[PDB]
$ cat run_15.tsv   # TSV, C-alpha atoms
chain	number	residue	atom	x	y	z
C	2	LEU	CA	127.11	112.89	118.61
C	3	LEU	CA	123.70	114.22	119.77
C	4	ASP	CA	121.21	115.78	117.30
C	5	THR	CA	121.48	119.28	118.83
C	6	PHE	CA	120.77	122.68	117.20
C	7	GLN	CA	124.11	123.79	115.61
C	8	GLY	CA	123.53	127.56	115.37
C	9	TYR	CA	126.79	129.20	114.22
C	10	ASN	CA	128.61	129.65	117.60
C	11	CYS	CA	128.29	128.17	121.13
C	12	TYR	CA	125.99	131.09	122.22
C	13	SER	CA	123.55	130.80	119.28
C	14	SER	CA	123.72	126.94	119.60
C	15	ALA	CA	122.63	127.12	123.27
C	16	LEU	CA	119.87	129.73	122.57
C	17	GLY	CA	118.50	127.72	119.59
C	18	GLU	CA	118.67	124.33	121.42
C	19	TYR	CA	116.73	125.95	124.33
C	20	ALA	CA	114.15	127.51	121.91
C	21	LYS	CA	113.76	124.13	120.07
C	22	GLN	CA	113.15	122.11	123.30
C	23	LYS	CA	110.81	124.79	124.85
C	24	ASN	CA	108.90	125.81	121.65
C	25	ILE	CA	110.07	129.49	121.79
C	26	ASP	CA	109.10	131.07	118.44
C	27	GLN	CA	111.39	133.14	116.12
C	28	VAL	CA	114.74	132.49	117.95
C	29	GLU	CA	115.79	129.61	115.63
C	30	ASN	CA	114.90	131.46	112.37
C	31	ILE	CA	116.69	134.68	113.53
C	32	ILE	CA	119.84	132.55	114.26
C	33	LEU	CA	119.65	130.48	111.03
C	34	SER	CA	119.32	133.68	108.87
C	35	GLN	CA	122.37	135.47	110.42
C	36	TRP	CA	125.03	136.60	107.90
C	37	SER	CA	128.08	138.18	109.48
C	38	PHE	CA	131.88	138.41	109.48
C	39	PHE	CA	134.30	140.24	111.80
C	40	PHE	CA	138.08	140.61	112.08
C	41	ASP	CA	139.95	142.12	115.09
C	42	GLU	CA	143.72	142.53	114.40
C	43	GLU	CA	144.35	143.46	118.10
C	44	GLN	CA	142.72	140.13	119.19
C	45	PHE	CA	144.78	138.29	116.48
C	46	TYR	CA	148.04	139.29	118.27
C	47	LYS	CA	146.62	138.53	121.81
C	48	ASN	CA	145.94	134.85	120.78
C	49	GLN	CA	142.18	135.60	121.35
C	50	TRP	CA	139.27	134.60	119.04
C	51	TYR	CA	139.78	137.23	116.29
C	52	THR	CA	137.52	136.33	113.30
C	53	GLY	CA	134.49	134.35	112.04
C	54	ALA	CA	130.78	135.21	112.31
C	55	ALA	CA	130.90	137.17	115.60
C	56	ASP	CA	132.94	138.37	118.58
C	57	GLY	CA	131.97	136.35	121.69
C	58	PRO	CA	131.29	134.61	123.87
C	59	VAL	CA	127.97	136.61	123.88
C	60	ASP	CA	126.94	137.57	120.32
C	61	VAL	CA	125.78	141.20	120.94
C	62	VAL	CA	124.77	141.65	117.22
C	63	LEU	CA	122.52	138.53	117.52
C	64	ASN	CA	121.03	139.99	120.77
C	65	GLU	CA	120.29	143.26	118.82
C	66	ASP	CA	118.64	141.16	116.02
C	67	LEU	CA	116.56	139.21	118.63
C	68	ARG	CA	115.40	142.57	120.18
C	69	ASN	CA	114.76	144.35	116.81
C	70	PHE	CA	112.91	141.46	115.03
C	71	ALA	CA	111.17	139.50	117.86
C	72	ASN	CA	111.38	141.96	120.87
C	73	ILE	CA	113.28	139.04	122.58
C	74	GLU	CA	115.78	139.90	125.38
C	75	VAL	CA	118.47	137.44	126.58
C	76	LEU	CA	118.79	138.36	130.29
C	77	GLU	CA	122.24	137.80	131.93
C	78	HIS	CA	121.92	136.52	135.55
C	79	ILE	CA	125.15	136.79	137.56
C	80	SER	CA	125.15	134.73	140.79
C	81	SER	CA	127.32	133.53	143.71
C	82	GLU	CA	128.36	130.04	144.96
C	83	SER	CA	125.79	130.56	147.82
C	84	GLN	CA	122.80	131.00	145.40
C	85	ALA	CA	123.76	129.67	141.89
C	86	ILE	CA	122.90	125.93	142.31
C	87	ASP	CA	119.62	126.72	144.24
C	88	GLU	CA	118.68	129.18	141.41
C	89	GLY	CA	119.48	126.32	138.94
C	90	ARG	CA	117.15	123.94	140.86
C	91	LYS	CA	114.29	126.57	140.67
C	92	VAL	CA	114.91	127.03	136.89
C	93	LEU	CA	115.10	123.21	136.23
C	94	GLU	CA	111.85	122.63	138.26
C	95	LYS	CA	110.01	125.33	136.17
C	96	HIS	CA	111.66	124.98	132.68
C	97	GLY	CA	113.78	121.73	132.76
C	98	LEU	CA	116.83	123.55	131.20
C	99	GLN	CA	119.23	126.39	132.23
C	100	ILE	CA	121.64	128.12	129.79
C	101	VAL	CA	125.01	128.52	131.62
C	102	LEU	CA	128.45	130.01	130.84
C	103	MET	CA	131.20	127.47	131.68
C	104	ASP	CA	135.00	127.34	131.43
C	105	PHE	CA	135.67	124.84	128.57
C	106	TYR	CA	138.92	123.83	130.43
C	107	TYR	CA	136.64	121.51	132.56
C	108	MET	CA	134.65	120.18	129.51
C	109	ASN	CA	135.68	117.41	127.01
C	110	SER	CA	133.15	118.25	124.24
C	111	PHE	CA	135.37	117.79	121.11
C	112	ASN	CA	137.59	114.74	120.35
C	113	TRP	CA	140.69	116.27	118.66
C	114	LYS	CA	142.12	112.70	118.25
C	115	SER	CA	139.41	112.30	115.50
C	116	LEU	CA	141.58	114.80	113.48
C	117	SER	CA	144.91	113.12	114.54
C	118	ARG	CA	145.64	115.89	117.13
C	119	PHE	CA	146.79	114.00	120.27
C	120	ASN	CA	148.41	117.04	122.01
C	121	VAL	CA	145.08	118.62	123.20
C	122	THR	CA	146.11	121.73	125.26
C	123	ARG	CA	143.48	122.63	127.94
C	124	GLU	CA	142.59	126.38	127.76
C	125	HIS	CA	140.42	128.61	130.04
C	126	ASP	CA	137.82	129.75	127.42
C	127	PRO	CA	134.17	130.66	128.20
C	128	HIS	CA	131.67	128.33	126.44
C	129	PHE	CA	127.83	128.20	126.52
C	130	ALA	CA	126.19	124.91	127.65
C	131	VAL	CA	122.71	123.77	128.79
C	132	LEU	CA	122.30	122.35	132.32
C	133	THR	CA	119.61	119.58	132.28
C	134	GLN	CA	120.04	117.82	135.69
C	135	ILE	CA	121.29	118.72	139.23
C	136	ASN	CA	122.05	115.67	141.47
C	137	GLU	CA	123.71	115.73	144.95
C	138	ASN	CA	127.36	115.29	143.73
C	139	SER	CA	126.90	115.56	139.89
C	140	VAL	CA	125.23	117.58	137.07
C	141	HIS	CA	124.31	116.65	133.46
C	142	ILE	CA	125.16	119.26	130.75
C	143	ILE	CA	124.58	119.32	126.95
C	144	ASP	CA	127.17	121.14	124.79
C	145	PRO	CA	124.88	121.64	121.76
C	146	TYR	CA	127.64	123.35	119.68
C	147	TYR	CA	129.82	120.15	119.88
C	148	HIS	CA	126.84	117.66	119.97
C	149	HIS	CA	128.22	116.27	123.29
C	150	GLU	CA	126.83	115.57	126.78
C	151	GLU	CA	128.62	114.65	130.01
C	152	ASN	CA	128.06	114.05	133.72
C	153	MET	CA	130.35	116.43	135.70
C	154	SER	CA	131.12	116.27	139.47
C	155	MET	CA	129.41	119.17	141.38
C	156	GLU	CA	133.00	120.20	142.40
C	157	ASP	CA	134.17	120.47	138.72
C	158	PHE	CA	130.84	122.17	137.72
C	159	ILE	CA	131.26	124.88	140.43
C	160	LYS	CA	134.97	125.34	139.37
C	161	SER	CA	133.86	125.68	135.68
C	162	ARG	CA	131.38	128.48	136.68
C	163	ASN	CA	133.68	130.54	139.03
C	164	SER	CA	136.89	130.29	136.88
C	165	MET	CA	139.12	133.11	135.58
C	166	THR	CA	139.27	132.66	131.74
C	167	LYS	CA	141.31	134.28	128.91
C	168	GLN	CA	138.19	136.51	128.32
C	169	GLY	CA	137.55	137.24	132.06
C	170	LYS	CA	135.95	135.85	135.23
C	171	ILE	CA	132.83	133.62	135.05
C	172	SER	CA	130.53	134.25	138.09
C	173	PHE	CA	127.83	131.52	137.70
C	174	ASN	CA	126.41	133.51	134.71
C	175	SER	CA	123.10	132.11	133.36
C	176	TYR	CA	120.98	133.36	130.43
C	177	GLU	CA	117.16	133.67	130.22
C	178	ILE	CA	115.32	134.05	126.87
C	179	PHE	CA	112.62	136.62	127.83
C	180	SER	CA	109.86	138.48	125.90
C	181	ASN	CA	107.00	140.78	126.98
C	182	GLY	CA	105.37	141.05	123.51
C	183	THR	CA	106.96	138.91	120.75
C	184	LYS	CA	106.83	139.83	117.01
C	185	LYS	CA	106.82	137.53	113.92
C	186	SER	CA	109.30	138.14	111.04
C	187	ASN	CA	109.22	136.43	107.61
C	188	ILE	CA	112.47	134.63	106.63
C	189	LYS	CA	112.94	136.92	103.54
C	190	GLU	CA	112.75	140.11	105.75
C	191	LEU	CA	115.40	138.57	108.10
C	192	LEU	CA	117.73	137.73	105.15
C	193	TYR	CA	117.12	141.12	103.39
C	194	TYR	CA	118.11	143.02	106.57
C	195	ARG	CA	121.20	140.78	107.16
C	196	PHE	CA	122.54	140.99	103.55
C	197	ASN	CA	121.92	144.80	103.34
C	198	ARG	CA	123.79	145.21	106.69
C	199	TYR	CA	126.64	142.90	105.48
C	200	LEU	CA	127.21	145.16	102.40
C	201	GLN	CA	126.65	148.51	104.26
C	202	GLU	CA	129.19	147.58	107.02
C	203	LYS	CA	131.52	146.17	104.24
C	204	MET	CA	131.90	142.90	106.24
C	205	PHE	CA	133.50	141.31	103.09
C	206	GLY	CA	136.33	143.89	103.58
C	207	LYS	CA	137.06	142.27	107.00
C	208	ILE	CA	137.68	138.97	105.08
C	209	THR	CA	140.26	140.88	102.90
C	210	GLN	CA	141.79	142.37	106.12
C	211	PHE	CA	142.12	138.80	107.53
C	212	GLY	CA	143.78	137.60	104.27
C	213	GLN	CA	146.26	140.54	104.41
C	214	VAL	CA	147.24	139.73	108.05
C	215	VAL	CA	147.69	136.00	107.13
C	216	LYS	CA	150.16	136.98	104.30
C	217	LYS	CA	152.29	138.82	106.93
C	218	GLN	CA	152.70	135.64	109.12
C	219	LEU	CA	155.33	134.06	106.75
C	220	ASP	CA	158.12	134.62	109.41
C	221	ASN	CA	155.93	133.94	112.52
C	222	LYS	CA	157.29	130.74	114.22
C	223	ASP	CA	154.19	130.82	116.54
C	224	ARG	CA	151.46	129.15	114.41
C	225	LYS	CA	148.77	129.25	117.19
C	226	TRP	CA	146.90	131.99	115.17
C	227	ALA	CA	146.16	129.30	112.49
C	228	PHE	CA	144.55	126.92	115.07
C	229	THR	CA	142.52	129.85	116.50
C	230	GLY	CA	141.52	130.82	112.91
C	231	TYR	CA	140.48	127.20	112.18
C	232	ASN	CA	138.15	127.18	115.22
C	233	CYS	CA	136.86	130.77	114.54
C	234	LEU	CA	135.89	129.97	110.90
C	235	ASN	CA	133.64	126.98	111.79
C	236	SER	CA	131.00	129.74	112.47
C	237	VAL	CA	131.24	130.87	108.79
C	238	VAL	CA	130.89	127.28	107.46
C	239	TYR	CA	127.83	126.86	109.77
C	240	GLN	CA	126.18	130.10	108.50
C	241	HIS	CA	126.69	128.88	104.88
C	242	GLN	CA	125.19	125.43	105.76
C	243	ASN	CA	122.30	127.17	107.66
C	244	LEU	CA	121.51	129.29	104.54
C	245	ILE	CA	121.57	126.10	102.34
C	246	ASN	CA	119.08	124.50	104.80
C	247	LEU	CA	116.84	127.67	104.79
C	248	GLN	CA	116.89	127.59	100.95
C	249	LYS	CA	115.60	123.96	101.00
C	250	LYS	CA	113.01	124.47	103.81
C	251	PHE	CA	111.54	127.74	102.36
C	252	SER	CA	112.25	126.91	98.64
C	253	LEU	CA	114.16	130.27	98.42
C	254	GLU	CA	115.81	131.91	95.37
C	255	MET	CA	119.62	131.82	95.95
C	256	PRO	CA	122.62	132.67	93.74
C	257	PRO	CA	123.86	129.34	92.27
C	258	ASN	CA	127.35	129.33	93.92
C	259	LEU	CA	126.32	129.03	97.65
C	260	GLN	CA	127.62	125.40	97.91
C	261	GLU	CA	130.87	126.46	96.11
C	262	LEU	CA	131.37	129.24	98.75
C	263	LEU	CA	130.80	126.72	101.60
C	264	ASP	CA	133.42	124.43	99.91
C	265	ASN	CA	135.83	127.45	99.62
C	266	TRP	CA	135.53	128.11	103.40
C	267	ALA	CA	135.92	124.39	104.29
C	268	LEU	CA	139.14	124.31	102.18
C	269	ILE	CA	140.48	127.49	103.94
C	270	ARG	CA	139.82	125.73	107.30
C	271	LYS	CA	141.58	122.51	106.11
C	272	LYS	CA	144.63	124.54	104.95
C	273	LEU	CA	144.79	126.54	108.27
C	274	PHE	CA	144.70	123.29	110.32
C	275	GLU	CA	147.38	121.71	108.05
C	276	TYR	CA	149.55	124.89	108.32
C	277	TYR	CA	149.18	124.85	112.14
C	278	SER	CA	150.15	121.13	112.50
C	279	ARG	CA	152.27	120.26	109.37
C	280	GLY	CA	154.87	123.11	109.38
C	281	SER	CA	154.21	124.07	105.68
C	282	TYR	CA	155.34	127.55	104.40
C	283	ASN	CA	152.07	128.30	102.53
C	284	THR	CA	150.81	131.53	104.25
C	285	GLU	CA	150.75	133.12	100.73
C	286	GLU	CA	148.45	130.29	99.41
C	287	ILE	CA	146.07	130.59	102.41
C	288	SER	CA	146.09	134.46	102.11
C	289	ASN	CA	145.24	134.11	98.37
C	290	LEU	CA	142.29	131.74	99.11
C	291	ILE	CA	140.93	134.16	101.78
C	292	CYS	CA	141.28	137.26	99.51
C	293	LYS	CA	139.51	135.31	96.67
C	294	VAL	CA	136.55	134.26	98.91
C	295	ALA	CA	136.26	137.93	100.13
C	296	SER	CA	135.55	139.03	96.48
C	297	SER	CA	133.15	136.06	95.95
C	298	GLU	CA	131.26	136.86	99.22
C	299	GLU	CA	130.85	140.56	98.24
C	300	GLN	CA	129.34	139.47	94.86
C	301	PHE	CA	127.19	136.73	96.53
C	302	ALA	CA	125.63	139.28	98.97
C	303	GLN	CA	124.80	141.69	96.07
C	304	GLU	CA	123.23	138.75	94.12
C	305	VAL	CA	121.15	137.55	97.16
C	306	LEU	CA	119.51	141.03	97.39
C	307	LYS	CA	118.72	140.87	93.61
C	308	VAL	CA	117.00	137.39	93.65
C	309	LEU	CA	115.57	136.99	97.23
$ encode --input "run_15.tsv" --output "structure tokens"
Amino acid sequence: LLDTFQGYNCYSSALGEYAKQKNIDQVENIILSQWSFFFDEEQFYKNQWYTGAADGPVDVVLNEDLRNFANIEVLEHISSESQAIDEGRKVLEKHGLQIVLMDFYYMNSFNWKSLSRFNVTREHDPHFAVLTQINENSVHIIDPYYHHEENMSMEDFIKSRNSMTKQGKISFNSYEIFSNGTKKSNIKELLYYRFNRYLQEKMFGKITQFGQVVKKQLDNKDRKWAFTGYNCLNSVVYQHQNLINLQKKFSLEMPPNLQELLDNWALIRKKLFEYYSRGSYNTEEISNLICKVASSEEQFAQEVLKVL
């Protein structure tokens, strides 16, 4: 496990790892101060990523925050097999790193056997990685979200960047952190804006919506939603850990139950993974834990604005 920037999703992980290595100001703090939750019932029933911090793979709300706070744009470069690797060489020569969208089917970033899951189904999902080296017949990539690196054959790398996925077709997409006129934001301004937006958009209500949909899965023999949910909610654990780390670094005033809320989310994840793999009939229990944390998160957001 590499010491890479975690962010709260593969997109923010890649952006922050890039910003860390290349000394790009503001990006890391804007990521670490994010506070968000979404729920898409239509995506739930399509076996797509349906909850957690953000819809993806690109986090459009984070891009809006980067533009609004730092006047930072994340430029999407689409390419072709004729041009993509040459463009990579030009970027590596100048910057030493290129942010790329890859089909995770061709990556082996997370060891599921560590959690006693030996039936590891390959899926065509877009995932952000950082290209660090182009050789004749191989590339080196860092997956900062999963703290993993690998050497990939040029053949497999090209396949991973031209692949049809569950979310659509990758076409050698690469991402450039660009600014013409950056701005500095204080960490308290970033958190104030995020917590006000969380309450105004009633994002805690999306947690309740998620709980209500879980309760209605008691008769669903297809438990894949619980595995998807488990993976989706890592983003929420990471935002809670990021806010704990901001509190320590900036000596911030926080409501006293932040660690308890992180523990509540970790337990919800543990129960979803157990439900998925152990065939338990405890959708009501998991629903109850989710509906409880929704109420606690509403109160926590109100309290942050009072003490910050």
$ closest_residue --input "run_15.tsv" --among "C:288, C:72, C:44, C:122" --to "residue 219 (chain C)" --atoms "all atoms listed in the file"
C:288
$ closest_residue --input "run_15.tsv" --among "C:197, C:235, C:265, C:209" --to "residue 8 (chain C)" --atoms "all atoms listed in the file"
C:235
$ closest_residue --input "run_15.tsv" --among "C:259, C:75, C:33, C:215" --to "residue 59 (chain C)" --atoms "only C-alpha atoms"
C:75
$ closest_residue --input "run_15.tsv" --among "C:118, C:159, C:154, C:141" --to "residue 274 (chain C)" --atoms "all atoms listed in the file"
C:118
$ closest_residue --input "run_15.tsv" --among "C:167, C:174, C:54, C:43" --to "residue 77 (chain C)" --atoms "all atoms listed in the file"
C:174
$ closest_residue --input "run_15.tsv" --among "C:165, C:130, C:101, C:244" --to "residue 146 (chain C)" --atoms "all atoms listed in the file"
C:130
$ residues_around --input "run_15.tsv" --residues "residue 175 (chain C)" --least-positions-apart "6" --cutoff "12 Å" --atoms "only C-alpha atoms" --output "PDB file with C-alpha atoms, keeping the file's coordinate frame"
ATOM      1  CA  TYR C  12     125.990 131.090 122.220  1.00  0.00           C
ATOM      2  CA  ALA C  15     122.630 127.120 123.270  1.00  0.00           C
ATOM      3  CA  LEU C  16     119.870 129.730 122.570  1.00  0.00           C
ATOM      4  CA  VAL C  59     127.970 136.610 123.880  1.00  0.00           C
ATOM      5  CA  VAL C  75     118.470 137.440 126.580  1.00  0.00           C
ATOM      6  CA  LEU C  76     118.790 138.360 130.290  1.00  0.00           C
ATOM      7  CA  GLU C  77     122.240 137.800 131.930  1.00  0.00           C
ATOM      8  CA  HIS C  78     121.920 136.520 135.550  1.00  0.00           C
ATOM      9  CA  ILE C  79     125.150 136.790 137.560  1.00  0.00           C
ATOM     10  CA  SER C  80     125.150 134.730 140.790  1.00  0.00           C
ATOM     11  CA  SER C  81     127.320 133.530 143.710  1.00  0.00           C
ATOM     12  CA  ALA C  85     123.760 129.670 141.890  1.00  0.00           C
ATOM     13  CA  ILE C  86     122.900 125.930 142.310  1.00  0.00           C
ATOM     14  CA  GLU C  88     118.680 129.180 141.410  1.00  0.00           C
ATOM     15  CA  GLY C  89     119.480 126.320 138.940  1.00  0.00           C
ATOM     16  CA  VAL C  92     114.910 127.030 136.890  1.00  0.00           C
ATOM     17  CA  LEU C  98     116.830 123.550 131.200  1.00  0.00           C
ATOM     18  CA  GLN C  99     119.230 126.390 132.230  1.00  0.00           C
ATOM     19  CA  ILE C 100     121.640 128.120 129.790  1.00  0.00           C
ATOM     20  CA  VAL C 101     125.010 128.520 131.620  1.00  0.00           C
ATOM     21  CA  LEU C 102     128.450 130.010 130.840  1.00  0.00           C
ATOM     22  CA  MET C 103     131.200 127.470 131.680  1.00  0.00           C
ATOM     23  CA  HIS C 128     131.670 128.330 126.440  1.00  0.00           C
ATOM     24  CA  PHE C 129     127.830 128.200 126.520  1.00  0.00           C
ATOM     25  CA  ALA C 130     126.190 124.910 127.650  1.00  0.00           C
ATOM     26  CA  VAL C 131     122.710 123.770 128.790  1.00  0.00           C
ATOM     27  CA  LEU C 132     122.300 122.350 132.320  1.00  0.00           C
ATOM     28  CA  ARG C 162     131.380 128.480 136.680  1.00  0.00           C
TER      29      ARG C 162
END
$ atom_distance --input "run_15.tsv" --atom1 "CA of residue 55 (chain C)" --atom2 "CA of residue 236 (chain C)"
8.1 Å
$ atom_distance --input "run_15.tsv" --atom1 "CA of residue 142 (chain C)" --atom2 "CA of residue 178 (chain C)"
18.2 Å
$ decode --input "run_15.tsv" --residues "region 248-261 of chain C" --atoms "N, CA and C atoms" --output "CSV table (one decimal), in the first residue's frame"
chain,number,residue,atom,x,y,z
C,248,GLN,N,-9.6,19.0,11.2
C,248,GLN,CA,-9.8,19.5,12.6
C,248,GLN,C,-8.4,19.5,13.3
C,249,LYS,N,-7.6,18.4,13.1
C,249,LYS,CA,-6.3,18.3,13.8
C,249,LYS,C,-5.3,19.3,13.2
C,250,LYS,N,-5.3,19.4,11.9
C,250,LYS,CA,-4.3,20.2,11.2
C,250,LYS,C,-4.5,21.7,11.5
C,251,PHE,N,-5.8,22.1,11.5
C,251,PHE,CA,-6.2,23.5,11.6
C,251,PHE,C,-6.7,23.8,13.0
C,252,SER,N,-6.7,22.9,13.9
C,252,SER,CA,-7.1,23.0,15.3
C,252,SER,C,-8.5,23.6,15.3
C,253,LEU,N,-9.5,23.0,14.6
C,253,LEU,CA,-10.8,23.6,14.3
C,253,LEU,C,-11.7,23.2,15.5
C,254,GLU,N,-12.8,24.0,15.7
C,254,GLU,CA,-13.9,23.7,16.5
C,254,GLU,C,-14.8,22.8,15.7
C,255,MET,N,-15.1,21.6,16.3
C,255,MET,CA,-16.0,20.6,15.7
C,255,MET,C,-17.0,20.1,16.8
C,256,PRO,N,-18.3,19.8,16.4
C,256,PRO,CA,-19.2,19.1,17.3
C,256,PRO,C,-18.5,17.8,17.8
C,257,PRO,N,-18.7,17.4,19.1
C,257,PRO,CA,-17.9,16.3,19.7
C,257,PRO,C,-18.2,14.9,19.2
C,258,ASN,N,-19.2,14.7,18.3
C,258,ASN,CA,-19.6,13.3,17.9
C,258,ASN,C,-19.1,13.0,16.5
C,259,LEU,N,-18.1,13.7,15.9
C,259,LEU,CA,-17.6,13.4,14.5
C,259,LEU,C,-17.1,12.0,14.5
C,260,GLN,N,-16.2,11.5,15.4
C,260,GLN,CA,-15.7,10.1,15.4
C,260,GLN,C,-16.8,9.1,15.5
C,261,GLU,N,-17.8,9.4,16.3
C,261,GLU,CA,-19.0,8.5,16.5
C,261,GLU,C,-19.7,8.3,15.1
